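A.B. asks: Before anything else, here's the structure in question.
Any read-out appearing in this document is the output of simple, stated calculations on the displayed coordinates, not a laboratory observation. Note that we place each Cβ from the backbone using ideal geometry, even for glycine, and neighbour counts take in every protein chain shown.
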Amino acid sequence: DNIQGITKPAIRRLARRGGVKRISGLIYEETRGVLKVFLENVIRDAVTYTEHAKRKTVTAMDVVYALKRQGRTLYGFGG
Amino acid sequence: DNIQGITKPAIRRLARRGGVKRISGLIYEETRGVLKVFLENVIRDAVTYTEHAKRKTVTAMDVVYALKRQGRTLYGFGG
Amino acid sequence: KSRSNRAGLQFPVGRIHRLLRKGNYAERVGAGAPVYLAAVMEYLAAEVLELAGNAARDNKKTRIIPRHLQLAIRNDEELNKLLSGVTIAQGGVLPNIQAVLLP
Amino acid sequence: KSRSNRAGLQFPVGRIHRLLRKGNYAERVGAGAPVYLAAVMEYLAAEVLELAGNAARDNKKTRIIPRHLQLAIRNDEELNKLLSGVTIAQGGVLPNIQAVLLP
Amino acid sequence: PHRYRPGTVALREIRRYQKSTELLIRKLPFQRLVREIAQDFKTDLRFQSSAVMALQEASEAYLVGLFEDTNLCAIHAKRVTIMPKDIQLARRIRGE
Amino acid sequence: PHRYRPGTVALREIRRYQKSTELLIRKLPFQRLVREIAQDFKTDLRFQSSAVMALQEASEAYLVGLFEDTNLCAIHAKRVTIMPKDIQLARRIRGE
Amino acid sequence: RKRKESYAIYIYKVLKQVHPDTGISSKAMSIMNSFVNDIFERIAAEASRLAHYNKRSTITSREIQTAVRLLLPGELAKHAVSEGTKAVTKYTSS
Amino acid sequence: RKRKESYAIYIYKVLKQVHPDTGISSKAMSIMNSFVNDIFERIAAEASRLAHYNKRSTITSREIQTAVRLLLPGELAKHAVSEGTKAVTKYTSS
DNA sequence: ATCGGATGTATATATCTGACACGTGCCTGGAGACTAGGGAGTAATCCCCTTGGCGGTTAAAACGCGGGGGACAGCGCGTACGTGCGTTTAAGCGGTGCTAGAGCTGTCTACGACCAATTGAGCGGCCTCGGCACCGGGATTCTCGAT
DNA sequence: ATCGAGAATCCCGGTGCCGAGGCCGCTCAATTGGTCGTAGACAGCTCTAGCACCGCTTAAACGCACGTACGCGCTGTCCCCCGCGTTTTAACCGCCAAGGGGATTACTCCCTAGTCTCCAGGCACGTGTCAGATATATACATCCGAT
């Protein structure tokens, strides 16, 4: 379903922020395959905090706690 | 003095362990310039432990404590 | 008579001296240690916020919006090494086009 | 009557239950927690040393020298992710020549 | 008529998307992605709406942090076009 | 007479240095390197001789861990020879 | 004197359950010493940081169990969770 | 109610010593909140691991000073060491 | 392709010898009780806030087409680097030597924990006024076919 | 490819609205002053063990000839992706409930902490001899240049 929610131009305008000039016609599928790996190494480690404290609601602190563990610390939400 | 102690063939036989086939004639100076950066980010952080505990002898535990801090944990000496 | 203004800082010292006691970093902390730590926290926050205003001044604004911390952190060699891993929420990125992509 | 053999492990439980008390991880530890932790430490050390013998068997030795732990750790997908950062003293490396370098 | 050359609009949407701060992927077709991934590890979750705009600030900080180190693997091959040889080289040097 | 071809002895000293375990750089012309670096941060040190064979097991675990991710930046450019374009690409993608 | 603290003769009595006709060398008794001290001082320093996030000062077994599903990647988390749980249910009944 | 714990109105009273004609936005009061909680919970978790390596249960100032020469890279370690030392010698004499 | 004389590496064979494993003995660290308090479970409840649904409104994705500039493969060639022999080098190793400092113990005293009362600094809620976003027309910046 | 053409972009200056600045009021947490135990400062004296040093030696760095194979440079070749339009889809903004679950207080009693006291498991210091690396001839594996 929703892996094709992140469309072609929204992957395109991400890469223009990175400073690329001409994207090939194959990155638009490869990026979808390397983003859904990244969300399954965060949400899998963000449910586990939410499941721990007996809550059914993944709050914003637990995500920052998940991203902190694998070296991608995120500011601007709590710590 | 001793940065030319690590000679040409000893840099060569390191790289053969890495699986390279033909080393250019310029890596033999570039490797010396990127190794002496690495020892100045370990020995600088291994004297600081030895200076802390009032010892004039950099023991083996303090080096492993230095390499542990920057994500290059070393086994086989203590921990 | 407070404890911070005995040493003349701005970060609190009573608020830190419960957090080296109720985080279990160790059991006993010295009396000078929550003073000495409120200085090094000050000297870094007085280092970014010096550099934060210069991006606010060069871009002609008044408040420091989160974009201005991104230029302040990532345009100093001495402080980007401290924060080479972290990101910033809606921080943007530097203007950096490569050399060969120019016309 | 020991405490490990109440639960049937091999790693000690009395020796761990001072290290969750005198390392200041937290102040109070449960009574089951130094049991539950001596199991997960066992199951990993009984996982490498199962794989350590197979490299000792395939290479026809008897003792497990430090070379044999390198093949045992780095030839399993489930356990190399656990140790993707660490190295091993005089461990050597895998036999891995690239594809294009062949004659 | 009027029509630019290929190599112009790219150099005026790098210099525009390196100055703005806002989101680049959408909001609601990303919120539908996070819930569909999370209907596997524990069914029937309920996200705080400051935690679906927390992932969206992290993955954009992960892909922008990937193309900037992917494009150095394209210019290194004397070409100006990324391609899935380049993504897969960017993740086998950095920790995969 | 007899003489191999270039491309042969390389493929019999990769397969020999990927099976042995011992040191590759020397002992005493590396011990003289560590002391000369450490006569700057604090003068007149005295190393334990299980800590000069601890650095020597770490830096060899750092350069071997560098060429294996350098050579992927050489084969990617359709060539089989590393060069200081490749070292400098290996350290600007990984944390410098 | 130096009295000691090691996990030498315990790991040696796990080697004698999986390959009881082999032995271990000297330096592998130093590697495996420093290997389990890594796994100990990575898990125990995670449930510590997990009990701190919920304002709670007890490391029970329930915080160690959540701190094993975050350090063991996959196919070890599906075992070592259901390995200590056998080892705790053989403990309260004795 | 939720009583609080933040470093809001302290960082705002360091901004009013370096640019006393500017101000700070809302989300930068959330970034700078989470920035000093990083630097606090990275330094204090280092002198903790440093006092443990020498079998000693006191975090003095001498262990914080050694745990600032290992986290600040260069040209901040040459200042912030000689910044707290001024701030401790203005403390024992009062 | 297929055969040939190396050329090397791998398979099997006495002989040490220095290295793990195990006996022998202790001693200090775990174990078993016994108690007191204080956390965490459990019960139970206001309301914040997410979930959901819908209408309308439009910015944006989608698909389609012309062409142009680059990716990709090939000829070529100039120098860069490997293979090898021989030639100086200094790593290594055993071996004896010198004392410097790690490593460990007792002997006092200052240092933070703990409690306990006392009060301000810190925050919650609360309007409100300067700073930021527009919103249209001037002024420039800058790529792109041409006489 | 220099001048012109035009699309886009950098400031002008008015508009205005809503989130930072700011006291005000409540109240939990810091500061003040004794008491206590006790960790760490200091000293002392053994003693491992790291640094200097020789001296015979032998693998290994160092230099030099050298043929070949890849580096890098060029040229055409061709399509795949940029760009501008025209359309369709739906994100977003706002509206508008109904209740799930977060957040907190409220009583309580099980669980670990701490003190106590003996032991038995774990380590130190011996030591016997077992796997292993040793060598050495021989054989199996793989090329390199002529056929």
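A.B. asks: Restricted to segment F:1-46, and to residues that are at the interface with chain B (Cβ under 7 Å from one of its Cβ atoms) and of a type in the set (D, E), which residue is nearest to D:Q70 (Cα to Cα)?
C.D. replies: Here the answer is F:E13.
A.B. asks: With respect to E:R15, determine if the residue is assigned to a loop (DSSP other than H, G, I, E, B) and out of contact with any strand residue (DSSP E or B) (no Cβ under 8 Å at 6 or more places or on another chain).
C.D. replies: Yes; evaluated as a whole, the condition is true for this residue.
A.B. asks: Kindly indicate which of C:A7, C:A52, C:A56, C:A31 is more than 30 Å from B:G71 (Cα to Cα), in contact with a strand residue (DSSP E or B) (Cβ under 6 Å, 6 or more places away or on another chain) and away from chain A (no Cβ under 14 Å).
C.D. replies: C:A56
A.B. asks: Restricting to segment A:18-35, and then to whatever is facing chain E (nearest Cβ under 7 Å) and away from DNA strand I (no atom under 14 Å from the Cβ), can you tell me which residue is nearest to G:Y53 (Cα to Cα)?
C.D. replies: A:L35
A.B. asks: Additional query: State the number of residues belonging to segment G:34-62 that are buried (at least 19 other Cβ atoms within 10 Å of the Cβ) and either within 12 Å of DNA strand J (Cβ to nearest atom) or among the small types (G, A, S) (or both).
C.D. replies: 7
A.B. asks: Would you check if G:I64 is closer than 26 Å to B:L67 by Cβ, β-branched (V, I, T) and free of Cβ contacts under 8 Å to residues at least 40 places away in the same chain?
C.D. replies: Taking the combined requirement at face value, the residue does not satisfy it.
A.B. asks: When residues of segment B:32-66 are filtered for being under 11 Å from the mean Cα position of the chain (by Cα) and either in a loop (DSSP other than H, G, I, E, B) or more than 25 Å from F:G65 (Cα to Cα) (or both), how many remain?
C.D. replies: The qualifying residues number 4.
A.B. asks: To continue, here is another question. Is it true that E:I75 is more than 10 Å from DNA strand I (Cβ to nearest atom), among the β-branched types (V, I, T), closer than 23 Å to A:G25 by Cα and out of contact with any strand residue (DSSP E or B) (no Cβ under 7 Å at 6 or more places or on another chain)?
C.D. replies: In short, no.
A.B. asks: Oh, and also: Out of everything in segment E:71-96 that is out of contact with any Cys (no Cβ under 8 Å at 6 or more places or on another chain) and small (G, A, S), what residue ends up being farthest from A:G33 (Cα to Cα)?
C.D. replies: Step by step, filter segment E:71-96, then rank; the result is E:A77.
A.B. asks: A further question on this structure: Identify the residue in segment E:47-85 that is more than 9 Å from chain A (Cβ to nearest Cβ) and more than 28 Å from E:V34 (Cβ to Cβ) and, among all such residues, is surrounded by the most Cβ atoms within 10 Å (Cβ to Cβ).
C.D. replies: E:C73
A.B. asks: When you scan segment G:8-25, how many residues do you find that are more than 11 Å from DNA strand J (Cβ to nearest atom) and over 19 Å from D:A39 (Cβ atoms)?
C.D. replies: Adding up the residues that qualify gives 2.
A.B. asks: Which of (1) over 30 Å from H:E41 (Cα atoms); (2) assigned to a loop (DSSP other than H, G, I, E, B); (3) within 12 Å of the chain's Cα centre (by Cα) is the odd one out, the single condition A:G25 does not satisfy?
C.D. replies: For A:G25, the exception is condition (3).
A.B. asks: Return yes or no: is D:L19 within 14 Å of chain B (Cβ to nearest Cβ), closer than 30 Å to H:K55 by Cα, surrounded by fewer than 18 Cβ atoms within 10 Å (Cβ to Cβ) and of a type outside the set (G, A, S)?
C.D. replies: yes
A.B. asks: Something else now. Working only within segment G:33-60, note down all residues that are within 7 Å of chain D (Cβ to nearest Cβ), within 23 Å of A:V58 (Cβ to Cβ) and of a type outside the set (V, I, T).
C.D. replies: G:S48, G:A51
A.B. asks: So, in segment C:1-35, exactly how many residues are under 23 Å from the mean Cα position of the chain (by Cα) and farther than 30 Å from D:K22 by Cα?
C.D. replies: Qualifying residue count for the region: 8.
A.B. asks: Please determine, by comparing only the residues of segment B:53-74 that are in contact with a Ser or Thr (Cβ under 9 Å, 6 or more places away or on another chain) and among the charged types (D, E, K, R), which one is surrounded by the most Cβ atoms within 10 Å (Cβ to Cβ).
C.D. replies: Filtering segment B:53-74 for residues that are in contact with a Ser or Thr (Cβ under 9 Å, 6 or more places away or on another chain) and among the charged types (D, E, K, R), the one surrounded by the most Cβ atoms within 10 Å (Cβ to Cβ) comes out as B:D62.
A.B. asks: Within 7 Å of another protein chain (Cβ to nearest Cβ), over 30 Å from F:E22 (Cβ atoms) and in a loop (DSSP other than H, G, I, E, B): is that true of D:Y43 in this structure?
C.D. replies: The answer is no for D:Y43.
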